[PDB]
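Below is the file target-v2.pdb, which contains PDB, C-alpha atoms and all ligand atoms.
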```pdb
ATOM      1  CA  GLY E 221     101.414 112.033 170.776
ATOM      2  CA  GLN E 222      99.663 115.356 170.268
ATOM      3  CA  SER E 223      95.927 115.638 169.381
ATOM      4  CA  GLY E 224      95.673 119.080 167.809
ATOM      5  CA  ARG E 225      96.976 119.914 164.299
ATOM      6  CA  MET E 226      99.440 122.358 162.673
ATOM      7  CA  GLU E 227      98.409 123.976 159.314
ATOM      8  CA  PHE E 228     101.273 125.649 157.405
ATOM      9  CA  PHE E 229     101.052 128.231 154.637
ATOM     10  CA  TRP E 230     103.382 130.071 152.213
ATOM     11  CA  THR E 231     103.777 132.712 149.500
ATOM     12  CA  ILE E 232     106.587 134.281 147.513
ATOM     13  CA  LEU E 233     107.473 137.890 148.320
ATOM     14  CA  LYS E 234     108.493 140.178 145.442
ATOM     15  CA  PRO E 235     112.041 141.619 145.444
ATOM     16  CA  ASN E 236     110.838 145.130 146.402
ATOM     17  CA  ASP E 237     107.839 144.505 148.720
ATOM     18  CA  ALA E 238     106.801 144.065 152.384
ATOM     19  CA  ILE E 239     105.040 141.223 154.180
ATOM     20  CA  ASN E 240     102.955 142.434 157.173
ATOM     21  CA  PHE E 241     101.790 140.178 160.035
ATOM     22  CA  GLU E 242      99.238 140.680 162.829
ATOM     23  CA  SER E 243      98.291 138.058 165.471
ATOM     24  CA  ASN E 244      96.170 137.821 168.628
ATOM     25  CA  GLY E 245      97.562 134.309 169.311
ATOM     26  CA  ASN E 246      97.499 130.650 168.144
ATOM     27  CA  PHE E 247     100.426 131.526 165.842
ATOM     28  CA  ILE E 248     103.801 130.142 164.660
ATOM     29  CA  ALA E 249     106.040 132.775 163.081
ATOM     30  CA  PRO E 250     109.029 132.301 160.738
ATOM     31  CA  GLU E 251     112.623 132.505 161.954
ATOM     32  CA  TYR E 252     114.339 131.678 158.658
ATOM     33  CA  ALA E 253     113.213 131.990 155.036
ATOM     34  CA  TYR E 254     114.716 131.113 151.637
ATOM     35  CA  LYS E 255     116.080 133.059 148.629
ATOM     36  CA  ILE E 256     114.639 131.647 145.374
ATOM     37  CA  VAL E 257     115.693 132.364 141.796
ATOM     38  CA  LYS E 258     113.472 130.158 139.645
ATOM     39  CA  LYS E 259     114.149 129.281 136.007
ATOM     40  CA  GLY E 260     112.422 126.304 134.434
ATOM     41  CA  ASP E 261     110.456 123.450 135.976
ATOM     42  CA  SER E 262     110.958 119.715 136.519
ATOM     43  CA  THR E 263     109.549 117.376 139.172
ATOM     44  CA  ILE E 264     110.014 115.114 142.169
ATOM     45  CA  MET E 265     111.315 111.788 140.946
ATOM     46  CA  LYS E 266     110.352 108.882 143.136
ATOM     47  CA  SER E 267     113.298 106.481 143.510
ATOM     48  CA  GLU E 268     114.955 104.492 146.250
ATOM     49  CA  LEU E 269     118.477 104.895 144.813
ATOM     50  CA  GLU E 270     121.367 107.134 145.927
ATOM     51  CA  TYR E 271     123.842 109.345 143.980
ATOM     52  CA  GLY E 272     126.245 107.676 141.465
ATOM     53  CA  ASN E 273     128.746 110.589 140.882
ATOM     54  CA  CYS E 274     128.197 110.691 137.127
ATOM     55  CA  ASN E 275     126.360 112.794 134.439
TER
ATOM     56  CA  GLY S   1     112.384  87.872  96.660
ATOM     57  CA  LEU S   2     110.404  90.568  94.835
ATOM     58  CA  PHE S   3     112.839  90.795  91.962
ATOM     59  CA  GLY S   4     113.331  87.015  91.836
ATOM     60  CA  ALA S   5     116.995  87.181  92.637
ATOM     61  CA  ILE S   6     117.662  85.771  96.047
ATOM     62  CA  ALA S   7     114.852  83.328  96.837
ATOM     63  CA  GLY S   8     114.366  82.840  93.071
ATOM     64  CA  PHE S   9     116.829  81.954  90.346
ATOM     65  CA  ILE S  10     119.984  82.214  92.508
ATOM     66  CA  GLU S  11     118.990  79.481  95.015
ATOM     67  CA  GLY S  12     121.340  80.155  98.012
ATOM     68  CA  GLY S  13     124.310  82.545  98.427
ATOM     69  CA  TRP S  14     128.098  82.214  97.998
ATOM     70  CA  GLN S  15     129.501  81.787 101.544
ATOM     71  CA  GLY S  16     133.150  81.910 100.451
ATOM     72  CA  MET S  17     132.806  85.504  99.263
ATOM     73  CA  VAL S  18     133.542  87.762 102.256
ATOM     74  CA  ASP S  19     134.616  90.997 100.481
ATOM     75  CA  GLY S  20     131.176  92.491  99.660
ATOM     76  CA  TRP S  21     127.442  91.783  99.470
ATOM     77  CA  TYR S  22     127.218  91.087  95.767
ATOM     78  CA  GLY S  23     129.721  89.344  93.432
ATOM     79  CA  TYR S  24     131.174  86.929  90.909
ATOM     80  CA  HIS S  25     132.578  83.363  90.700
ATOM     81  CA  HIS S  26     135.105  82.775  87.915
ATOM     82  CA  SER S  27     136.173  79.208  86.951
ATOM     83  CA  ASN S  28     138.433  79.454  83.859
ATOM     84  CA  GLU S  29     141.598  77.608  82.697
ATOM     85  CA  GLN S  30     143.927  79.343  85.244
ATOM     86  CA  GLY S  31     141.819  78.434  88.288
ATOM     87  CA  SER S  32     138.695  79.168  90.322
ATOM     88  CA  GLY S  33     137.972  82.010  92.745
ATOM     89  CA  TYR S  34     135.408  84.467  94.139
ATOM     90  CA  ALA S  35     135.690  88.195  93.490
ATOM     91  CA  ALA S  36     133.247  90.757  94.947
ATOM     92  CA  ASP S  37     131.889  93.843  93.149
ATOM     93  CA  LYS S  38     132.784  96.548  95.611
ATOM     94  CA  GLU S  39     131.249  99.453  93.664
ATOM     95  CA  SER S  40     127.628  98.225  93.746
ATOM     96  CA  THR S  41     128.071  97.022  97.322
ATOM     97  CA  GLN S  42     129.216 100.516  98.323
ATOM     98  CA  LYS S  43     126.031 102.134  96.990
ATOM     99  CA  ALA S  44     123.947  99.672  98.904
ATOM    100  CA  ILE S  45     125.788 100.416 102.130
ATOM    101  CA  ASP S  46     125.637 104.165 101.443
ATOM    102  CA  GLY S  47     121.877 103.669 101.074
ATOM    103  CA  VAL S  48     121.295 101.466 104.118
ATOM    104  CA  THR S  49     123.600 103.643 106.275
ATOM    105  CA  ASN S  50     121.366 106.517 105.235
ATOM    106  CA  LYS S  51     118.038 104.757 105.973
ATOM    107  CA  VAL S  52     119.033 103.911 109.495
ATOM    108  CA  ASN S  53     120.423 107.413 109.999
ATOM    109  CA  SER S  54     117.182 108.935 108.686
ATOM    110  CA  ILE S  55     114.964 106.876 111.037
ATOM    111  CA  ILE S  56     116.875 108.169 114.080
ATOM    112  CA  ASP S  57     117.910 111.660 112.946
ATOM    113  CA  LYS S  58     114.350 112.821 112.058
ATOM    114  CA  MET S  59     113.011 112.266 115.541
ATOM    115  CA  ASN S  60     115.517 114.825 117.038
ATOM    116  CA  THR S  61     112.377 116.625 118.272
ATOM    117  CA  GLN S  62     112.471 115.649 121.922
ATOM    118  CA  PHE S  63     112.509 118.046 124.945
ATOM    119  CA  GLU S  64     112.128 118.110 128.711
ATOM    120  CA  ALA S  65     109.795 115.752 130.475
ATOM    121  CA  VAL S  66     108.559 114.507 133.922
ATOM    122  CA  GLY S  67     106.551 112.043 136.158
ATOM    123  CA  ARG S  68     103.559 112.224 138.565
ATOM    124  CA  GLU S  69     102.558 114.792 141.171
ATOM    125  CA  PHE S  70      98.851 114.865 142.314
ATOM    126  CA  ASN S  71      97.107 114.124 145.648
ATOM    127  CA  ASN S  72      94.269 111.622 146.117
ATOM    128  CA  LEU S  73      91.673 114.451 146.133
ATOM    129  CA  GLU S  74      92.593 115.125 142.472
ATOM    130  CA  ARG S  75      92.418 111.577 141.077
ATOM    131  CA  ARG S  76      90.416 112.911 138.080
ATOM    132  CA  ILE S  77      93.357 114.943 136.808
ATOM    133  CA  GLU S  78      95.715 112.006 137.546
ATOM    134  CA  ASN S  79      93.449 109.901 135.322
ATOM    135  CA  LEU S  80      93.757 112.555 132.598
ATOM    136  CA  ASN S  81      97.525 112.221 132.848
ATOM    137  CA  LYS S  82      97.271 108.432 132.549
ATOM    138  CA  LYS S  83      95.039 108.689 129.453
ATOM    139  CA  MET S  84      97.516 110.902 127.658
ATOM    140  CA  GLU S  85     100.620 109.048 128.780
ATOM    141  CA  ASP S  86      99.170 105.630 127.961
ATOM    142  CA  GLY S  87      97.835 107.163 124.719
ATOM    143  CA  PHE S  88     101.296 108.191 123.459
ATOM    144  CA  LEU S  89     102.861 104.947 124.509
ATOM    145  CA  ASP S  90     100.261 103.201 122.329
ATOM    146  CA  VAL S  91     100.989 105.429 119.311
ATOM    147  CA  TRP S  92     104.762 105.307 119.509
ATOM    148  CA  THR S  93     104.876 101.587 120.070
ATOM    149  CA  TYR S  94     102.580 100.969 117.131
ATOM    150  CA  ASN S  95     104.336 103.433 114.815
ATOM    151  CA  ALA S  96     107.710 102.093 115.783
ATOM    152  CA  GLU S  97     106.793  98.411 115.576
ATOM    153  CA  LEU S  98     105.299  98.879 112.088
ATOM    154  CA  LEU S  99     108.026 101.136 110.807
ATOM    155  CA  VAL S 100     110.471  98.358 111.446
ATOM    156  CA  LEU S 101     108.246  95.761 109.775
ATOM    157  CA  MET S 102     107.761  98.012 106.739
ATOM    158  CA  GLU S 103     111.326  99.188 106.265
ATOM    159  CA  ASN S 104     112.566  95.652 106.753
ATOM    160  CA  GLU S 105     110.617  94.289 103.831
ATOM    161  CA  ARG S 106     111.854  97.012 101.478
ATOM    162  CA  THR S 107     115.455  96.747 102.775
ATOM    163  CA  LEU S 108     115.533  93.051 101.859
ATOM    164  CA  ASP S 109     113.990  93.808  98.465
ATOM    165  CA  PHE S 110     116.509  96.563  97.781
ATOM    166  CA  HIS S 111     119.160  93.780  97.900
ATOM    167  CA  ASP S 112     117.192  91.567  95.518
ATOM    168  CA  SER S 113     116.988  94.622  93.263
ATOM    169  CA  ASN S 114     120.729  95.254  93.311
ATOM    170  CA  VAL S 115     121.524  91.628  92.527
ATOM    171  CA  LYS S 116     119.058  91.365  89.632
ATOM    172  CA  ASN S 117     120.494  94.604  88.192
ATOM    173  CA  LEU S 118     124.028  93.292  88.466
ATOM    174  CA  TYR S 119     123.091  90.031  86.650
ATOM    175  CA  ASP S 120     121.314  92.210  84.043
ATOM    176  CA  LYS S 121     124.418  94.429  83.606
ATOM    177  CA  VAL S 122     126.510  91.363  82.788
ATOM    178  CA  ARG S 123     123.779  89.856  80.568
ATOM    179  CA  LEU S 124     123.515  92.955  78.329
ATOM    180  CA  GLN S 125     127.278  93.221  77.642
ATOM    181  CA  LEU S 126     127.593  89.625  76.354
ATOM    182  CA  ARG S 127     124.453  88.934  74.336
ATOM    183  CA  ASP S 128     125.183  85.809  72.223
ATOM    184  CA  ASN S 129     128.822  85.408  73.344
ATOM    185  CA  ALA S 130     127.623  83.350  76.352
ATOM    186  CA  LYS S 131     124.857  80.967  77.396
ATOM    187  CA  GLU S 132     122.231  81.830  80.081
ATOM    188  CA  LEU S 133     122.227  78.771  82.335
ATOM    189  CA  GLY S 134     119.304  79.808  84.583
ATOM    190  CA  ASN S 135     121.230  79.166  87.827
ATOM    191  CA  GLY S 136     122.358  82.748  87.211
ATOM    192  CA  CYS S 137     125.616  81.679  85.562
ATOM    193  CA  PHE S 138     127.129  82.323  82.152
ATOM    194  CA  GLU S 139     128.895  79.620  80.085
ATOM    195  CA  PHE S 140     131.270  81.197  77.571
ATOM    196  CA  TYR S 141     131.402  79.951  73.983
ATOM    197  CA  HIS S 142     135.005  81.265  73.694
ATOM    198  CA  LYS S 143     138.073  81.089  75.923
ATOM    199  CA  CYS S 144     138.243  84.063  78.348
ATOM    200  CA  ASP S 145     141.332  84.184  80.642
ATOM    201  CA  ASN S 146     141.832  86.120  83.938
ATOM    202  CA  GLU S 147     142.848  89.331  82.054
ATOM    203  CA  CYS S 148     139.732  89.027  79.791
ATOM    204  CA  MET S 149     137.334  88.712  82.801
ATOM    205  CA  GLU S 150     138.382  91.971  84.493
ATOM    206  CA  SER S 151     136.680  93.564  81.438
ATOM    207  CA  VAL S 152     133.355  91.978  82.459
ATOM    208  CA  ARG S 153     133.652  93.228  86.069
ATOM    209  CA  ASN S 154     135.033  96.656  85.001
ATOM    210  CA  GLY S 155     132.325  96.718  82.321
ATOM    211  CA  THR S 156     134.669  97.344  79.357
ATOM    212  CA  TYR S 157     133.921  94.045  77.541
ATOM    213  CA  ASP S 158     134.301  94.104  73.726
ATOM    214  CA  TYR S 159     131.562  92.307  71.834
ATOM    215  CA  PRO S 160     133.347  92.577  68.427
ATOM    216  CA  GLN S 161     136.656  91.050  69.687
ATOM    217  CA  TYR S 162     135.204  87.610  70.500
ATOM    218  CA  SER S 163     132.170  87.645  68.147
ATOM    219  CA  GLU S 164     133.277  85.175  65.413
ATOM    220  CA  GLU S 165     134.840  82.735  67.958
ATOM    221  CA  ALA S 166     131.463  82.098  69.594
ATOM    222  CA  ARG S 167     129.223  82.441  66.514
ATOM    223  CA  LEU S 168     131.105  79.682  64.675
ATOM    224  CA  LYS S 169     131.305  77.558  67.879
ATOM    225  CA  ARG S 170     127.459  77.687  67.905
ATOM    226  CA  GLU S 171     126.845  75.762  64.638
ATOM    227  CA  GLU S 172     129.273  72.966  65.734
ATOM    228  CA  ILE S 173     126.891  71.889  68.519
ATOM    229  CA  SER S 174     123.809  72.544  66.313
ATOM    230  CA  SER S 175     123.995  69.335  64.217
TER
HETATM  231  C1  LIG G 301     110.644 147.936 151.011
HETATM  232  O1  LIG G 301     111.915 148.512 150.909
HETATM  233  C2  LIG G 301     112.257 149.253 149.723
HETATM  234  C3  LIG G 301     113.729 149.660 149.783
HETATM  235  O2  LIG G 301     114.200 150.007 148.478
HETATM  236  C4  LIG G 301     111.303 150.438 149.533
HETATM  237  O3  LIG G 301     111.486 151.088 148.240
HETATM  238  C5  LIG G 301     111.922 152.476 148.232
HETATM  239  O4  LIG G 301     110.945 153.443 148.667
HETATM  240  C6  LIG G 301     111.398 154.803 148.527
HETATM  241  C7  LIG G 301     110.550 155.740 149.385
HETATM  242  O5  LIG G 301     109.324 156.091 148.736
HETATM  243  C8  LIG G 301     111.394 155.198 147.044
HETATM  244  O6  LIG G 301     112.085 156.459 146.840
HETATM  245  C9  LIG G 301     111.995 154.079 146.168
HETATM  246  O7  LIG G 301     110.977 153.581 145.282
HETATM  247  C10 LIG G 301     112.593 152.858 146.904
HETATM  248  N1  LIG G 301     114.004 153.151 147.197
HETATM  249  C11 LIG G 301     115.042 152.610 146.536
HETATM  250  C12 LIG G 301     116.409 153.059 146.990
HETATM  251  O8  LIG G 301     114.910 151.805 145.623
HETATM  252  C13 LIG G 301     109.865 149.928 149.509
HETATM  253  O9  LIG G 301     108.980 151.060 149.454
HETATM  254  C14 LIG G 301     109.521 148.987 150.676
HETATM  255  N2  LIG G 301     108.286 148.369 150.144
HETATM  256  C15 LIG G 301     107.044 148.627 150.571
HETATM  257  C16 LIG G 301     105.949 147.889 149.844
HETATM  258  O10 LIG G 301     106.799 149.390 151.496
END
```
Output the file's structure in the form of structure tokens.
Amino acid sequence: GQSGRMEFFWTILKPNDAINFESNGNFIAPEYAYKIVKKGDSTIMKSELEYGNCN
Amino acid sequence: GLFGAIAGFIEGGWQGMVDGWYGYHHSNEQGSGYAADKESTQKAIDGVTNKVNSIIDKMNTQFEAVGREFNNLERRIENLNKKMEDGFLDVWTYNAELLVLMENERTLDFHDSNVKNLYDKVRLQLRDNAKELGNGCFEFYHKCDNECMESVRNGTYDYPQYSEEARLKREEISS
């Protein structure tokens, strides 16, 4: 349908810090945002299958 | 056969023995029968069980791992992944494939070795008290019953007990 595009962005905000916004227009602000506690890395496995309730 | 046991002077293997890997075939006055040497067989199995263990147990170094995660404006880095990933696959396949081929030759030869040493252990106990056929058998010059033959297997065989019986049986044929 629509001709124009929609570029998204992100960063991670420290536990004791403030994010500050300022906009004249052309803007899409957050409603919700996520709590992240990261430990270790893995990846995005590409498979067609669904969960087999095992380990 | 490296030691000239299995392919060599013992052409074929006793199929009726199903107690151990290596053993004996008595045919004396009381009857015939197979009887396996469990003590030498046990050391072989202890050994082989340990080889196979050692080939798996030493590679315990393995960790976390992953798959692929780059966009088509970073195909150069994706090609660097491929080089490495294909590279290891080549090494591991080769090292594995050969390791099998190498440890399989020596495993077979370890059995040859055990059999030639068993035949040699019998041969050294009864020097002139029996006749080396060359089919890996031993014809006795004297009568040795079922209670006498446990001494050969056990390895407690007295040379002096049956010395004169054989020695003076030897000149009878030598005419
Ligand atoms: C975001 O909120 C936190 C709330 O803790 C602010 O941190 C406090 O600032 C006061 C006032 O100077 C200090 O006494 C303490 O360092 C913090 N208070 C407590 C109770 O920990 C923080 O300043 C705000 N962050 C920014 C970047 O403005």
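Take the candidates E:232, E:225, E:240, E:261 and check each one against ligand LIG 301 (chain G) using only C-alpha atoms and all ligand atoms; the shortest distance goes to E:240.
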Translate the PyMOL selection byres (((not hetatm)) within 12 of (chain G and resi 301)), as applied to the file shown, into an explicit residue set as a PyMOL selection string.
chain E and resi 233-240
Just to be explicit: take each residue in the selection above, keep C-alpha atoms, and write the result as a short mmCIF file (atom, residue, chain, number, x, y, z; two decimals), in the coordinates of the input.
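Written out: result11.cif:
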```cif
data_model
loop_
_atom_site.label_atom_id
_atom_site.label_comp_id
_atom_site.auth_asym_id
_atom_site.auth_seq_id
_atom_site.Cartn_x
_atom_site.Cartn_y
_atom_site.Cartn_z
CA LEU E 233 107.47 137.89 148.32
CA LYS E 234 108.49 140.18 145.44
CA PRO E 235 112.04 141.62 145.44
CA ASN E 236 110.84 145.13 146.40
CA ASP E 237 107.84 144.50 148.72
CA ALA E 238 106.80 144.06 152.38
CA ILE E 239 105.04 141.22 154.18
CA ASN E 240 102.96 142.43 157.17
#
```
List the residues matched by the PyMOL selection byres ((chain E) within 8 of (chain S)) in the displayed structure as a PyMOL selection string, ordered by chain and then by residue number.
chain E and resi 262-265
Quick one: residues within 9 Å of residue S:152, all atoms listed in the file, excluding same-chain residues fewer than 3 positions away - as a ChimeraX atom specification?
/S:122,125-126,148-149,155-157
Could you check how far atom CA of residue S:19 sits from atom CA of residue S:36, in Å to one decimal?
5.7 Å
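Rounded to one decimal, atom CA of residue S:9 and atom CA of residue S:110 lie 16.4 Å from each other.
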Report the residues retrieved by the PyMOL selection byres (((chain E and resi 246) around 12) and not hetatm) from the displayed file, expressed as a ChimeraX atom specification.
/E:224-227,242-245,247-249
Selected residues written out with C-alpha atoms, as a PDB file, keeping the file's coordinate frame:
```pdb
ATOM      1  CA  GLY E 224      95.673 119.080 167.809  1.00  0.00           C
ATOM      2  CA  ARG E 225      96.976 119.914 164.299  1.00  0.00           C
ATOM      3  CA  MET E 226      99.440 122.358 162.673  1.00  0.00           C
ATOM      4  CA  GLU E 227      98.409 123.976 159.314  1.00  0.00           C
ATOM      5  CA  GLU E 242      99.238 140.680 162.829  1.00  0.00           C
ATOM      6  CA  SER E 243      98.291 138.058 165.471  1.00  0.00           C
ATOM      7  CA  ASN E 244      96.170 137.821 168.628  1.00  0.00           C
ATOM      8  CA  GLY E 245      97.562 134.309 169.311  1.00  0.00           C
ATOM      9  CA  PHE E 247     100.426 131.526 165.842  1.00  0.00           C
ATOM     10  CA  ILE E 248     103.801 130.142 164.660  1.00  0.00           C
ATOM     11  CA  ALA E 249     106.040 132.775 163.081  1.00  0.00           C
TER      12      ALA E 249
END
```
Could you tell me how far atom CA of residue S:22 sits from atom CA of residue S:37, in Å to one decimal place?
6.0 Å
Residue S:134 surroundings by only C-alpha atoms, 12 Å radius, close-in-sequence under 4 positions cut, as a ChimeraX atom specification
/S:4-5,8-11,119,123,138-139
Once 5 Å is added on each side, what centre and edge lengths in Å to one decimal does the axis-aligned box around all listed atoms of stretch 263-266 of chain E have, as lines of an AutoDock Vina configuration file?
```
center_x = 110.4
center_y = 113.1
center_z = 141.2
size_x = 11.8
size_y = 18.5
size_z = 14.0
```
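Compared by their closest atoms to residue S:25, and using all atoms listed in the file, the residues S:94, S:107, S:102, S:137 rank with S:137 nearest.
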